[PDB]
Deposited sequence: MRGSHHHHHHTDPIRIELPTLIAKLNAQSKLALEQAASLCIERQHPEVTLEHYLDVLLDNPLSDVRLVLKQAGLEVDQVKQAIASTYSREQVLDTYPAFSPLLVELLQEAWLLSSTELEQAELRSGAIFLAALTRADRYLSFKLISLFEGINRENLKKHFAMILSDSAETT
């Protein structure tokens, strides 16, 4: 009978998270609940990682000359308009964690899943994962450099 590409269960992926990456995911989830959104999204995670200057996501934006305020406003205006019970992760966020773990465990040479790999996978498939506002903000970030020099570019990170 017909099968699709293998999917890893969410709790196995969450267990790969670096301890600080995981703490920020827990913050993203609380944020979602506080806002009464229906799904935890990559935007909620970004929103919280932006508050730590040594997150991988901050370190990438600093290197790209991007301002925290512009990314915050793009996120504020694309949050779900629905108000809701515990949310689920969005199916796009589950699938994103699985691609970012596959990249981490292979090309990035990372023992743990970090927000930098999650961000790199979303940027590498930005048509799939990024809203039009984020695409346009992040258009100039060099994915190949970030992939090839991941560990050095993000050497200052709290997620190491």
Coverage holes, deposited numbering, ordered by position, sit at 1 to 8, 93 to 94, 171
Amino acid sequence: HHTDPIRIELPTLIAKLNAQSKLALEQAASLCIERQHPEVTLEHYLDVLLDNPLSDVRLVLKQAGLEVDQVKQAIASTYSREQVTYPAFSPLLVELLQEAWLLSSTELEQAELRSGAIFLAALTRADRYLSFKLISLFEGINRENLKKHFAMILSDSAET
From here on, numbers count along this sequence of modelled residues.
Decide which of the stretches 23 to 31 and 94 to 102 has the higher mean C-alpha B-factor, going by the entry. 23 to 31
Highest mean C-alpha temperature factor of the two stretches 119 to 127 and 34 to 42, which is it? 34 to 42
Would you check the entry's CA temperature factor for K133 and let me know if it's in the chain's lowest, middle or highest third? middle
If you rank every modelled residue in this chain by C-alpha B factor, which third holds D51: lowest, middle or highest? middle
According to the PDB entry, is the CA B factor of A111 in the bottom, middle or top third of its chain, that is, lowest, middle or highest? middle
Third of the chain, ranked by Cα B-factor, where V57 sits: lowest
